[PDB]
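Considered here are two forms of the same protein chain, supplied as structure tokens in two stand-alone entries, structure 1 and structure 2.
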Structure 1
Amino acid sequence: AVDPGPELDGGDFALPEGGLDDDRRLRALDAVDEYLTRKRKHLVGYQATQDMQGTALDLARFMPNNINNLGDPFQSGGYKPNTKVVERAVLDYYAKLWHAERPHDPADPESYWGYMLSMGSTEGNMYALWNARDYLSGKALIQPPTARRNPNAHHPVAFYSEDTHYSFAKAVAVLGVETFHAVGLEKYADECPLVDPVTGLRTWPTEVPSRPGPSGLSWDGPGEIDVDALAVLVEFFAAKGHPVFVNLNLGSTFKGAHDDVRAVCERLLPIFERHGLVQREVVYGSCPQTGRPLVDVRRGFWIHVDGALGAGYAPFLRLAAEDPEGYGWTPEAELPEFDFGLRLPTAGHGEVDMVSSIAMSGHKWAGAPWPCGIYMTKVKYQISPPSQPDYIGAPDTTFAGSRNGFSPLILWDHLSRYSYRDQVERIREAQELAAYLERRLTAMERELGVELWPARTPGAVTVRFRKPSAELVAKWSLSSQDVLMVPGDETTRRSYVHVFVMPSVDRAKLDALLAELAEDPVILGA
């Protein structure tokens, strides 16, 4: 019933052979600005911070520059208009924040290596899976400067929850990584160790089960991976000799759940030790003359944290949890230890540093005018690139060719403006406002006698509820998801929306949405 306003008219933007005069150009750009401004101010349904006024003032001066961070961030190449000194400072910030070992040093296998992304986490998760595929499959590594048989040994299997973002399923297809489901169905069709809770049959699920909700099924659950189910699936493939890739979601896309990274790691480490995956000889080729195995020693598992969203705020929440009286806040929910600092003892290999890589999107929690982000891992995981006759070192070891050198400035400017304490306050207000929205939605159910189906995973900055009219969804940019309440049965479909409480979402904005929700024709219904 409310108005989202007009969309842009294609006729205003058509680019003729003769060009557009200045008046037609400005009218068009004004139309874009009017549209974008109205939508930016009402966006509450996506995990994207919208207020960046300071960054625009600070950094508009750089727009005349064709900046290019071509090549490795730690190497000084020929394209001199680059921001790699800035990129390194941002990577250093996050390396400390995620308890990685800094500075980066090609001589120290445990030091971090990472780079800033020219897309968002889509690029970072692709790189992770490329890096993990090759590492676990035995491709040659960048060896630092100084100072069996098992037919499944080169066949990594990938594991992740049903809450994993779809762009992650694309990356599996792009890179030819095999999921446990595909390998299950191809090689082990009748050997599925899980019983399906709907049918009671041992059918291979398409992803690792997420934890169930009041229904007994994942659709109304928290969206966190079922650690028990994961451990059963990993054991199965690990016992057969496959190396193992596990993606864990730190701030899942629809429910904002945090997979319990520490619990997963504690549960899986003994499985990896029992099956020889902590340290295992890997054939990475063969030099001619009766030397059929060239062999180095690697770990046979790779744990990746998809922190597209949550890697930007979780360290700050956990900083508060460690010193609640210092920050004047005790977070309601515990967020798992997830970073490069997570180390666990073993029966006979010493302490193991569990996480191999993390991705984060800069345009999610921090906010940016375009997609950007960070991929980070350790020097010891770096793959050797394809050989050529130009003889300086490894500088193409990134996904992108040309690389965005403006994004470093954006995130540098952001991080320079907020202290740790300021970052704690941002995640505090978002957490408290998400709790408030959930309280207000349940009060509205009681006031009006309408069902809203509100749900919020403890510790998430998102709240899901019944989808209102298309016009309201369009006005406030509410992301939608349909769920089937009983898998395979289309008559049990429910339509949800969610609101993400980012730092640019305040009380007033939420109260204005709630006021329209209360008069919405679908919500009031019939």
Structure 2
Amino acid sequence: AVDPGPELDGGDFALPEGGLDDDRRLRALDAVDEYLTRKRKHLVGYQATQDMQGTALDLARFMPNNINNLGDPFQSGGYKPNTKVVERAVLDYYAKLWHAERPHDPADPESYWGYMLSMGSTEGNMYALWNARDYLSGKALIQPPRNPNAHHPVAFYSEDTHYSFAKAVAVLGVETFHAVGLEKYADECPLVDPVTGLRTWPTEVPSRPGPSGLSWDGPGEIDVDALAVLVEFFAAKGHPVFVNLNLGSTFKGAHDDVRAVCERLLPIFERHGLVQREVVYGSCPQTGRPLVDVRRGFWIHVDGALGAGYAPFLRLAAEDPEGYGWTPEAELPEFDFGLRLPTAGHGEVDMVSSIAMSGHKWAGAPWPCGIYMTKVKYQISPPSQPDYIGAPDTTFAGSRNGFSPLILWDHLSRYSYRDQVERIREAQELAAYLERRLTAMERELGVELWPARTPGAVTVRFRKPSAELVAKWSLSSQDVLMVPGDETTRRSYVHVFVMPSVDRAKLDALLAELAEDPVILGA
């Protein structure tokens, strides 16, 4: 099989007490560059854009600055070397793209609020679930200028949800429907397990079945029917509800049908008094009663780590296909802050409470970054009031990366909407091309590759090749059990993500190597 090339050797990097001379330092940095350069040119297995030569030329000049966007993006604060003016421009652009109300205005509850992340979307998902936990549990909101389960939120998300949510749930102590089901409602699961036929609580909301009848070969989209049954169960018990929906899922690149979910859940929320409800937020200032305000009892979060970066552009083309000269083959669901639905008796309800996106995914960046966005009306009173930063502590991070706003600003400034439509068009068409070539390879060589692509996704999955090929092309791997609870049914998959830095020549080079790979051939 192929050569992935040398790894870095730890001996070259050991840092002695006396320091390293300039020659040893440069040799080491050159080894890093040679390694990273070879790997970045061949990476096709992760949802991370690899080409930003232009941003490097333009933004290298900023590396001498210790930039810190400490505090809320909407006030400078005392740390003057900051890029909050740039950060606000990037936030504004995405607020427009996601049909949020702009400008940000602390006096307008419907207006957007958001900030740029210093980790990746893990930060945005953690923040979302923190914000939701406190909002749904009755903690105090930010300053303007009988039911025992009312304060016990329950989280719902599909089996294709990223591991950051399992992490966030544990960090924040938000209980999933699975945990609450087992603890409080052990024999009352409303779903029958398709393998066993028993009413056992599933660990996550089922995703849609594939040809097998099971989720492993399905599209990776949440089963809306299953979600609605589960949400109804807990809403009827009096619990407020947190739902995460994946817009570009980690392995399959699937898009949960956010509009279908919202249409199906709104009447459930209305029936069970979760559209508008009174909430006690601590005891009353002196005498032993409570205070009360009015809140919704549900929170829909869209994990658009990947997909919030391209879905607006695909949807633009879908709305005017002759203008963009492209009809996307798959429909991507309405998902953003513009999604508004009628009710029986509360008027139009704006359905989505928050969105996360990663900048190092579709746009590309040299480090993790991204955006969390919500609305003013959801903002929680900050944990404390630090004088020393001069700006409110409204964010998950303390010190914040102020170079990432420059990265994304530079990116966004170089492309029109039409250019952004072209980038998602080419990726969609090249993903379809890859799937076609993989099935043609199965016919030419008489090998099984198990190729699969969810319509509208920018990723294609297929049988895992040799370890050396996986290492050369940074293929991401996932094992599946074709029948849950049986380790004899394991299949090993990889996938390829067709990002804007992946072109036809790169895919053709990979395909030529797959065709001669010893695992692929010697099956």
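Numbering runs along the sequence of structure 1, starting at 1. Note that the rigid core is defined as the largest set of C-alphas that superpose within 1.5 Å between two forms. Shifts are known only where both forms have a C-alpha.
- Which one of 350, 78, 214, 389 is the only residue whose C-alpha moves by 2 Å or more between structures 1 and 2, after superposing on the core? It is 389.
- Message: Please state whether residue 290 has a C-alpha shift of 2 Å or more between structures 1 and 2, with the rigid core used for the fit.
- Response: True for residue 290: a C-alpha shift of 2 Å or more.
- Task: Keeping the rigid core fixed, work out how far the Cα of residue 168 travels between structures 1 and 2, to one decimal in Å.
- Result: For residue 168, the alpha-carbon shift amounts to 1.3 Å.
- What parts move between structures 1 and 2 when you lay the two on the core: runs of 3+ residues, each CA off by 2 Å or more? CA shift runs, sequence order: 288 to 291, 386 to 394.
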